[PDB]
Amino acid sequence: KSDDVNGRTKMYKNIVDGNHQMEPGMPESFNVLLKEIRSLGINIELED
Amino acid sequence: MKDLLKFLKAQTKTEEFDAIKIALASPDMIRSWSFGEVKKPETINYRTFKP
Amino acid sequence: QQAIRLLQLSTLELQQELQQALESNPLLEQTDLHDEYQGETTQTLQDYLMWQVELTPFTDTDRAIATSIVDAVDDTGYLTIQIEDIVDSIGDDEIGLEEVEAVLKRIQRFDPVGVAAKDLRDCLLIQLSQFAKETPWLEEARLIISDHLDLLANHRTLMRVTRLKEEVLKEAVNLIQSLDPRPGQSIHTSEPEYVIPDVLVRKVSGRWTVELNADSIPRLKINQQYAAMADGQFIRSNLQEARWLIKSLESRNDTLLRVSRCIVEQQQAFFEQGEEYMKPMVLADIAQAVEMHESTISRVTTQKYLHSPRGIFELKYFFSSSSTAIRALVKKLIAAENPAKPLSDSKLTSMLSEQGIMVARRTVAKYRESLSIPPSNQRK
């Protein structure tokens, strides 16, 4: 609905097509929080 | 080629993850994320608005 | 030579040089330090055109071709690349140069209609294709721009070539004038670029205050907690250099203020009415008014800009390297106002002397005669 950068558009191209589904991905503001923590002397990664 | 770049960026946005890591940052690591050193306090040029 | 280089740099360039110099010696500006959230929003430009390609099926292979087009779209709305040049960008042999025309037209047909069209006649011609709507005058109209007959309208020379009937064709050309040539470029919130004023000028009631200066002027304070007085002589030598610096800086502002007073006084005629028609003051003429050397006044004149009620000016443009303009002034003045009391010849010469334009009582008469208007005969 809101947060995701790509998911909103890839969803919009669906709603009009008539296929109600989602390709969620990850919220963008979490990707922001990662950089904001990364601005300190702290490192935060994504494993596995 | 150009399709491979254009969509490669799109379909590899589907790259996934798990298990958020946390640690302390080393000077070599902190320099790893650096694309350059910010020397000058100025923001934008003001003669031209190119930064 | 530290003072001479100090004066004539750009006000922005000077403070940049001092900032480096300020780091090297312990002097401090006013820091506004008293020791005890959103500037952003989204906008869409070509991003709007990209909304098209996601929803409209091109399949996968053609969508990348359409995405390659939107980059080439200028702010004006036309392609910079050649139709064969985007063909080079895709780097594929399956484009055929025919398929690119197939997709290029389809993105042209999404609003703004006419967009992303080479040569502007496309834009006008491909404007018309969707615009056709079966009617009314376009059939003759589509002929003019398509046939290369677009030499016109340079000017009835078309009639010889077009053979349509004369005056009715203007009801086509009139319909041609209703097409937007280049959608959709629209105003963003850019102020746009504003030139920070050096100096300032305006008129308080019945007077002219050139007092200036904008907040460009750096305010430097040489006092710090290092007032303590090889080591100690370094701080005395640097403090000595810094006390000379503030003095030389204060003199720059003192000179700008003075030079500004004398360049506005000499040129006021231009300043008071309109633009140009400036009496060509010379650097030496202003150099004679005040002790300053011509080398120093040329330097300070170089890059220090000036704000005026009409326009902003480099102060170098004030320099340079008659009857008609005054006539229009006479006409404008006498035609203006005069609701009951006509403006006497004496009053005109008074008004023009007040504003700085020098004309004799007799020359105003001859100028008014050449204008063909009799003085003061007209009244209530």
# chains A, B, ... in the order shown; residues from 1 in each chain; ligands from 1
$ closest_atom_pairs --of "chain B" --to "chain A" --cutoff "12 Å" --atoms "only C-alpha atoms" --output "JSON lines"
{"residue": "B:9", "atom": "CA", "partner": "A:6", "partner_atom": "CA", "distance": 11.7}
{"residue": "B:10", "atom": "CA", "partner": "A:6", "partner_atom": "CA", "distance": 9.1}
{"residue": "B:11", "atom": "CA", "partner": "A:25", "partner_atom": "CA", "distance": 11.2}
{"residue": "B:12", "atom": "CA", "partner": "A:25", "partner_atom": "CA", "distance": 11.1}
{"residue": "B:13", "atom": "CA", "partner": "A:25", "partner_atom": "CA", "distance": 8.0}
{"residue": "B:14", "atom": "CA", "partner": "A:25", "partner_atom": "CA", "distance": 6.9}
{"residue": "B:15", "atom": "CA", "partner": "A:25", "partner_atom": "CA", "distance": 9.0}
{"residue": "B:16", "atom": "CA", "partner": "A:25", "partner_atom": "CA", "distance": 8.3}
{"residue": "B:17", "atom": "CA", "partner": "A:46", "partner_atom": "CA", "distance": 5.9}
{"residue": "B:18", "atom": "CA", "partner": "A:48", "partner_atom": "CA", "distance": 5.4}
{"residue": "B:19", "atom": "CA", "partner": "A:47", "partner_atom": "CA", "distance": 5.2}
{"residue": "B:20", "atom": "CA", "partner": "A:46", "partner_atom": "CA", "distance": 4.6}
{"residue": "B:21", "atom": "CA", "partner": "A:45", "partner_atom": "CA", "distance": 4.7}
{"residue": "B:22", "atom": "CA", "partner": "A:44", "partner_atom": "CA", "distance": 4.4}
{"residue": "B:23", "atom": "CA", "partner": "A:43", "partner_atom": "CA", "distance": 5.1}
{"residue": "B:24", "atom": "CA", "partner": "A:42", "partner_atom": "CA", "distance": 4.6}
{"residue": "B:25", "atom": "CA", "partner": "A:41", "partner_atom": "CA", "distance": 5.0}
{"residue": "B:26", "atom": "CA", "partner": "A:41", "partner_atom": "CA", "distance": 7.7}
{"residue": "B:27", "atom": "CA", "partner": "A:41", "partner_atom": "CA", "distance": 9.0}
{"residue": "B:28", "atom": "CA", "partner": "A:41", "partner_atom": "CA", "distance": 11.7}
{"residue": "B:29", "atom": "CA", "partner": "A:43", "partner_atom": "CA", "distance": 8.8}
{"residue": "B:30", "atom": "CA", "partner": "A:41", "partner_atom": "CA", "distance": 7.9}
{"residue": "B:31", "atom": "CA", "partner": "A:41", "partner_atom": "CA", "distance": 11.5}
{"residue": "B:32", "atom": "CA", "partner": "A:43", "partner_atom": "CA", "distance": 11.5}
{"residue": "B:33", "atom": "CA", "partner": "A:38", "partner_atom": "CA", "distance": 9.1}
{"residue": "B:34", "atom": "CA", "partner": "A:39", "partner_atom": "CA", "distance": 10.7}
$ interface_residues --of "chain C" --to "chain B" --cutoff "10 Å" --atoms "only C-alpha atoms" --output "CSV table (one decimal) with N, CA and C atoms, in the first residue's frame"
chain,number,residue,atom,x,y,z
C,10,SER,N,35.0,37.2,-5.8
C,10,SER,CA,33.6,37.1,-5.6
C,10,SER,C,33.3,37.0,-4.1
C,12,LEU,N,31.2,35.3,-2.7
C,12,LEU,CA,31.2,33.9,-2.4
C,12,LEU,C,32.6,33.3,-2.4
C,13,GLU,N,33.4,33.7,-3.3
C,13,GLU,CA,34.8,33.2,-3.4
C,13,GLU,C,35.7,33.7,-2.2
C,16,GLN,N,35.0,31.8,0.9
C,16,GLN,CA,35.5,30.4,0.8
C,16,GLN,C,37.0,30.5,1.0
C,19,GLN,N,37.5,31.0,4.8
C,19,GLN,CA,37.2,29.8,5.5
C,19,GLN,C,38.4,28.9,5.7
C,20,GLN,N,39.1,28.6,4.5
C,20,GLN,CA,40.4,28.0,4.6
C,20,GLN,C,41.4,28.7,5.5
C,60,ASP,N,7.9,-8.1,-22.6
C,60,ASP,CA,9.1,-7.8,-22.0
C,60,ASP,C,10.1,-7.1,-22.9
C,61,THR,N,10.3,-7.6,-24.1
C,61,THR,CA,11.4,-7.2,-25.0
C,61,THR,C,11.2,-5.8,-25.5
C,62,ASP,N,9.9,-5.4,-25.8
C,62,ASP,CA,9.7,-4.1,-26.3
C,62,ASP,C,9.7,-3.0,-25.2
C,63,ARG,N,9.3,-3.4,-24.0
C,63,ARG,CA,9.3,-2.5,-22.9
C,63,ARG,C,10.7,-1.9,-22.7
C,64,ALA,N,11.7,-2.7,-22.8
C,64,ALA,CA,13.1,-2.1,-22.6
C,64,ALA,C,13.4,-1.1,-23.7
C,65,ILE,N,12.8,-1.3,-24.9
C,65,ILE,CA,13.0,-0.3,-26.0
C,65,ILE,C,12.3,1.0,-25.6
C,67,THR,N,11.7,2.0,-22.6
C,67,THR,CA,12.4,2.6,-21.5
C,67,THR,C,13.7,3.3,-22.0
C,68,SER,N,14.3,2.8,-23.1
C,68,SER,CA,15.4,3.5,-23.7
C,68,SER,C,15.0,4.8,-24.4
C,89,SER,N,22.0,1.9,-28.9
C,89,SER,CA,22.0,1.7,-27.5
C,89,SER,C,21.5,0.3,-27.1
C,90,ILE,N,20.4,-0.2,-27.7
C,90,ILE,CA,19.9,-1.5,-27.4
C,90,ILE,C,20.9,-2.6,-27.7
C,91,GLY,N,21.8,-2.3,-28.7
C,91,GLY,CA,22.8,-3.3,-29.1
C,91,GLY,C,22.3,-4.6,-29.5
C,92,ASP,N,21.1,-4.7,-30.1
C,92,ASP,CA,20.5,-5.9,-30.6
C,92,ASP,C,20.3,-5.8,-32.1
C,192,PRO,N,13.5,30.1,-9.7
C,192,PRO,CA,14.7,29.4,-9.9
C,192,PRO,C,15.9,30.1,-9.4
C,193,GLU,N,17.1,29.8,-9.9
C,193,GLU,CA,18.3,30.4,-9.3
C,193,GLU,C,18.2,31.9,-9.1
C,194,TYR,N,18.5,32.3,-7.9
C,194,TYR,CA,18.5,33.7,-7.5
C,194,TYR,C,19.9,34.1,-7.2
C,195,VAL,N,20.3,35.2,-7.8
C,195,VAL,CA,21.7,35.7,-7.6
C,195,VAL,C,21.7,36.5,-6.3
C,196,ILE,N,22.5,36.0,-5.4
C,196,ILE,CA,22.6,36.7,-4.1
C,196,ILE,C,23.1,38.1,-4.3
$ closest_atom_pairs --of "chain A" --to "chain C" --cutoff "8 Å" --atoms "only C-alpha atoms" --output "Markdown table"
| residue | atom | partner | partner_atom | distance |
| --- | --- | --- | --- | --- |
| A:9 | CA | C:54 | CA | 8.0 |
| A:10 | CA | C:54 | CA | 7.7 |
| A:12 | CA | C:55 | CA | 7.8 |
| A:13 | CA | C:55 | CA | 4.8 |
| A:14 | CA | C:55 | CA | 7.9 |
| A:16 | CA | C:55 | CA | 7.7 |
| A:17 | CA | C:55 | CA | 7.9 |
$ write_last_selection --atoms "C-alpha atoms" --output "JSON list (two decimals), in the first residue's frame"
[["chain", "number", "residue", "atom", "x", "y", "z"],
["A", 9, "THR", "CA", 3.89, 0.16, -8.87],
["A", 10, "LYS", "CA", 4.13, -3.57, -9.61],
["A", 12, "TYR", "CA", -0.73, -0.97, -9.60],
["A", 13, "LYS", "CA", 0.03, -2.67, -12.92],
["A", 14, "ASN", "CA", -1.90, -5.63, -11.44],
["A", 16, "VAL", "CA", -5.84, -2.55, -13.45],
["A", 17, "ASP", "CA", -5.11, -5.88, -15.16]]
$ residues_around --residues "segment 207-211 of chain C" --least-positions-apart "2" --cutoff "8 Å" --atoms "only C-alpha atoms" --output "number ranges by chain"
C: 199-205, 213, 257, 260-261, 264
$ write_last_selection --atoms "N, CA and C atoms" --output "compact mmCIF listing (two decimals), in the first residue's frame"
# COMPACT_ATOMS: atom_id res chain seq x y z
N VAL C 199 25.86 44.40 -2.43
CA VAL C 199 25.33 45.73 -2.11
C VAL C 199 23.80 45.67 -1.99
N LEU C 200 23.12 46.82 -2.11
CA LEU C 200 21.68 46.92 -2.32
C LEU C 200 21.40 48.37 -2.70
N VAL C 201 20.29 48.60 -3.41
CA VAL C 201 19.82 49.96 -3.65
C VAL C 201 18.30 49.97 -3.65
N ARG C 202 17.72 51.04 -3.11
CA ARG C 202 16.29 51.32 -3.18
C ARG C 202 16.11 52.77 -2.73
N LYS C 203 14.88 53.27 -2.83
CA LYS C 203 14.61 54.66 -2.45
C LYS C 203 13.58 54.71 -1.33
N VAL C 204 14.03 55.14 -0.15
CA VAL C 204 13.09 55.62 0.86
C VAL C 204 12.51 56.94 0.34
N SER C 205 11.37 57.34 0.92
CA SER C 205 10.58 58.43 0.37
C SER C 205 11.43 59.66 0.07
N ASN C 213 24.44 46.56 2.93
CA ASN C 213 24.85 45.46 2.05
C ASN C 213 24.02 44.27 2.48
N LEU C 257 30.70 50.28 -0.04
CA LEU C 257 29.68 51.26 0.31
C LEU C 257 29.95 52.59 -0.38
N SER C 260 29.71 52.38 -4.28
CA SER C 260 28.30 52.26 -4.66
C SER C 260 27.60 53.61 -4.63
N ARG C 261 27.90 54.44 -3.62
CA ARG C 261 27.29 55.76 -3.55
C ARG C 261 27.64 56.59 -4.78
N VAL C 264 26.09 55.15 -8.26
CA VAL C 264 24.65 55.39 -8.42
C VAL C 264 24.38 56.87 -8.68
$ residues_around --residues "residue 7 of chain C" --least-positions-apart "2" --cutoff "9 Å" --atoms "only C-alpha atoms" --output "JSON, numbers by chain"
{"C": [2, 3, 4, 5, 9, 10, 11, 14, 248, 249, 251, 252, 253, 296, 299, 300]}
$ select_by_dssp --residues "chain B" --states "helix (DSSP H, G or I)" --output "list in words"
residues 2, 3, 4, 5, 6, 7, 8, 9, 10, 11, 12, 13, 14, 27, 28, 29, 30, 31 and 32 of chain B
$ residues_around --residues "segment 223-232 of chain C" --least-positions-apart "6" --cutoff "9 Å" --atoms "only C-alpha atoms" --output "PyMOL selection string"
chain C and resi 26-28
$ residues_around --residues "residue 182 of chain C" --least-positions-apart "5" --cutoff "8 Å" --atoms "only C-alpha atoms" --output "PyMOL selection string"
chain C and resi 76-78+114-115+120+123
$ write_last_selection --atoms "N, CA, C and O atoms" --output "mmCIF file, in the first residue's frame"
data_model
loop_
_atom_site.group_PDB
_atom_site.id
_atom_site.type_symbol
_atom_site.label_atom_id
_atom_site.label_comp_id
_atom_site.auth_asym_id
_atom_site.auth_seq_id
_atom_site.Cartn_x
_atom_site.Cartn_y
_atom_site.Cartn_z
ATOM 1 N N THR C 76 12.289 19.720 -23.217
ATOM 2 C CA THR C 76 11.388 20.245 -24.236
ATOM 3 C C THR C 76 10.404 19.197 -24.736
ATOM 4 O O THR C 76 9.332 19.559 -25.233
ATOM 5 N N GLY C 77 10.730 17.916 -24.609
ATOM 6 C CA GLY C 77 9.835 16.859 -25.018
ATOM 7 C C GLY C 77 10.178 16.154 -26.309
ATOM 8 O O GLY C 77 9.365 15.359 -26.788
ATOM 9 N N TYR C 78 11.350 16.412 -26.886
ATOM 10 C CA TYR C 78 11.758 15.792 -28.138
ATOM 11 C C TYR C 78 13.027 14.972 -27.939
ATOM 12 O O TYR C 78 13.836 15.252 -27.051
ATOM 13 N N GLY C 114 1.512 13.850 -28.965
ATOM 14 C CA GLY C 114 2.555 14.628 -29.595
ATOM 15 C C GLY C 114 3.926 14.477 -28.978
ATOM 16 O O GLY C 114 4.916 14.887 -29.610
ATOM 17 N N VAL C 115 4.037 13.879 -27.795
ATOM 18 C CA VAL C 115 5.297 13.890 -27.065
ATOM 19 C C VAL C 115 6.332 12.997 -27.752
ATOM 20 O O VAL C 115 6.009 12.061 -28.492
ATOM 21 N N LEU C 120 9.560 17.841 -34.858
ATOM 22 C CA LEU C 120 8.449 18.727 -34.501
ATOM 23 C C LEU C 120 7.288 18.646 -35.490
ATOM 24 O O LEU C 120 6.145 18.944 -35.130
ATOM 25 N N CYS C 123 5.672 15.551 -34.292
ATOM 26 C CA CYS C 123 4.849 16.024 -33.178
ATOM 27 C C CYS C 123 3.583 16.698 -33.671
ATOM 28 O O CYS C 123 2.501 16.448 -33.138
#
$ residues_around --residues "residue 27 of chain A" --least-positions-apart "5" --cutoff "12 Å" --atoms "only C-alpha atoms" --output "JSON, numbers by chain"
{"A": [1, 2, 3, 4, 5, 6, 7, 8, 32, 33, 34]}
$ atom_distance --atom1 "atom CA of residue 301 of chain C" --atom2 "atom CA of residue 243 of chain C"
25.8 Å
$ select_by_dssp --residues "segment 22-254 of chain C" --states "strand (DSSP E)" --output "number ranges by chain"
C: 28-29, 220-221
